[PDB]
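**Q** sequence-free structure coming up:
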């Protein structure tokens, strides 16, 4: 569908654009385009997460 990632480590936002996510989470990755702050659909929000702490499922 979109892209998906397995969360390798947790993360907690530092900004309204960033969102929190938890280690193990199958996130729905929305924009890998940014390279570094990848945008994903997570919980209820289309927010930024560190590209570091995620691994492409697809």
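**A** Cool, the structure landed. Residues are numbered from 1 along each chain as shown.

**Q** let me see the contact set for residue 55.
**A** 5-6, 8 (CB atoms under 8 Å, 6 or more residues apart in numbering). Backbone N, C-alpha and C define where each C-beta goes, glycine included.

**Q** how about the nearest residue in space to residue 50 that is not next to it in sequence, what does it touch?
**A** Leaving aside its sequence neighbours, residue 50 sits nearest to residue 11 (CB to CB, 6 or more residues apart in numbering; 5.5 Å). The contact partners of residue 11, taken as CB under 8 Å, 6+ apart, are 18, 20-21, 49-50, 53.

**Q** for those residues, which one is nearest residue 32?
**A** Lowest distance from residue 32 to those (CB to CB) belongs to residue 49, with 10.9 Å.

**Q** and that closest one, that's in a strand?
**A** Yes. Residue 49 sits within a strand when classified using DSSP: H, G, I helix; E, B strand; the rest coil.

**Q** please list only the buried members of the contacts of residue 11.
**A** Among the contacts of residue 11, those classed as buried by 16 or more other CB atoms under 10 Å are 18, 21, 49, 53.

**Q** make a markdown table from those residues and add secondary structure and distance to residue 28 to it.
**A** A markdown table is the format used below for the buried ones among the contacts of residue 11 (DSSP: H, G, I helix; E, B strand; the rest coil; distance: CB to CB, whole Å):
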| residue | secondary structure | distance to residue 28 |
| --- | --- | --- |
| 18 | strand | 16 |
| 21 | strand | 11 |
| 49 | strand | 11 |
| 53 | helix | 15 |
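
**Q** residue 30: which of those is nearest?
**A** residue 49 (10.0 Å).

**Q** can I assume residue 21 is in contact with residue 7?
**A** Yes. Under the criterion of CB atoms under 8 Å, residue 21 makes contact with residue 7 at 5.5 Å.

**Q** any common contacting residues for these two?
**A** The overlap between the contact sets of residue 21 and residue 7 (CB under 8 Å, 6+ apart) consists of 27, 49.
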